[PDB]
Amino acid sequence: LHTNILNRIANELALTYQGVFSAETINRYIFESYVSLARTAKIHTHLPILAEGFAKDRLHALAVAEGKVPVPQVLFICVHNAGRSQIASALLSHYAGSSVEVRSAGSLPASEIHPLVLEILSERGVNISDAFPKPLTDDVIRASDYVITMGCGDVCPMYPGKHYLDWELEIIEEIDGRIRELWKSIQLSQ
């Protein structure tokens, strides 16, 4: 059904990462991300878009982690990656622009973003395009200088050299507060 486009996508990503990761690794990234998201979103017609965005962001994080690439890298984890971590990631990138790279993930991803998140967000001028629930993966953790867990519990490998923060909390309000402080603090630690 999507084999051909995934193959063509893999080919294009493999070219992009030519001297950095082999085609083999690239192939695996694309097919595994596809299946990984299918598990919670089901096979649908938008899936190859989501699989490619996920694989692409995961590869750049891996390249970051392996010193192959670089601004500060922040990761937000909640359970479903539909509400909380999505808001927190949207607000940070809103305030910080391209001075940070911000990602989010879930331990138990929902099939879609919560109806309200998009867009109480645009109603505050806040960009949230190409947002989807996605599973937590290792590469994005390795990449991160800062990891903010938000009710997921103990799902995250503790890598040395990172700042791990736990945030126990419509709810966009409180998050807003904490994201502004966070950014202030991140910006200041450079």
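Numbers follow the displayed sequence, beginning with 1.
**Q** What number of deposited residues lacks coordinates in the span between residue 169 and residue 170: none, 1 to 3, 4 to 9, or 10 or more?
**A** A long stretch, 10 or more residues, is missing between them.
**Q** Are any deposited residues left out of the model between residue 69 and residue 70, and how many (none, 1 to 3, 4 to 9, 10 or more)?
**A** The entry has a short gap there, with 1 to 3 residues left out between residue 69 and residue 70.
**Q** For the stretches 117 to 125 and 152 to 160, which has the higher mean C-alpha B-factor as given in the deposited record?
**A** Mean C-alpha B-factor is greater for 117 to 125.
**Q** Which of the two stretches, 126 to 134 or 53 to 61, shows the higher mean Cα temperature factor in the record?
**A** 126 to 134 has the higher mean C-alpha B-factor.
**Q** Looking at the C-alpha B-factor of residue 39, is it in the lowest, middle or highest third of its chain?
**A** Lowest third.
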